[PDB]
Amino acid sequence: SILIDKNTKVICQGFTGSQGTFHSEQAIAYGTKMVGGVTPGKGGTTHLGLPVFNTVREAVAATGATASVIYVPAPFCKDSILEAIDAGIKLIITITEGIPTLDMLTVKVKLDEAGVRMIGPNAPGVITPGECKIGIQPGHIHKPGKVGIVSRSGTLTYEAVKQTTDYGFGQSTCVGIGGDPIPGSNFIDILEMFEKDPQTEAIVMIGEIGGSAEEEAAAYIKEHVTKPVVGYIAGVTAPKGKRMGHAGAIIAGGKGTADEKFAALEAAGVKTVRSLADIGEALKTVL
């Protein structure tokens, strides 16, 4: 498994908010070691039976959490993420959607220099089935297993999750890197982690239109990934230069079409599948 496990101590920024509350309850029910939360102004209180702190630094001192899930509205995310980075949190899962691209541009530069890992934003989160759940994904469709999944899409990941549970392959870890143009972590970052993870036997890489993370990931896979990779790209039928929901799902300058990514993946030796319904089948094949 990668990124998180049964031992990951997580705090939640925006903990006392609707989504922060609702999804922490789910995390807690799954056994994620949520150990606290941060909401400026409610430090010193308790919520979901955990301590609430005014700052991430008070929360880290107090709990030793090394991971933080962020449910802060977009306007305050840069601030939140930067506060976490500054407090020593080593892993940030940012669920928030709508963060200005220019903010993520800066954040990403920061994340890299501070050596902090961020999954997101505009992401569903991360889950190591049976061990840890951070995010908004539905835990009941997962099955502890051997397939690692990385995707720019939440729902499409679930489809792949369902399939890998229904073929009995299970999932080692699922990483939703999010649908924003400048994510904190990209396919190559996560792919490298799956390659080095004994528990992960095969990889499902789910992409879509826009950018070139998939094309670069292909190049990377050919050269450094040895485990088998099944891939799927959404947006074959997407018009160019129109945002398809996710901020990053947009073909800018006629570059980054689904076909290009498919082809680039095929060339790198990745087992691509045209229908998302056949991800499971394709795994069976190279498994």
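Counting begins at 1, following the sequence as shown.
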Worksheet item: Comparing 178 to 186 with 163 to 171, which has the greater mean CA B-factor as deposited?
Response: 163 to 171
Discussion item. Please compare 207 to 215 with 83 to 91 and name the stretch with the higher mean C-alpha B-factor in the deposited structure.
Written reply: 207 to 215
Practice prompt. Could you tell me which third, lowest, middle or highest, the C-alpha B-factor of residue 102 occupies within its chain?
Written response: lowest
Response to the item:
residue 248: C-alpha B-factor third of its chain, per the entry, is the lowest
Fill in: Where the record places residue 41 (Cα B-factor, split into thirds across the chain)
middle
Worksheet item: By the record's CA B-factor, is residue 26 among the lowest, middle or highest third of residues in the chain?
Response: middle
Worksheet item: Compared with the other modelled residues in the chain, in which third is the CA B-factor of residue 158?
Response: highest
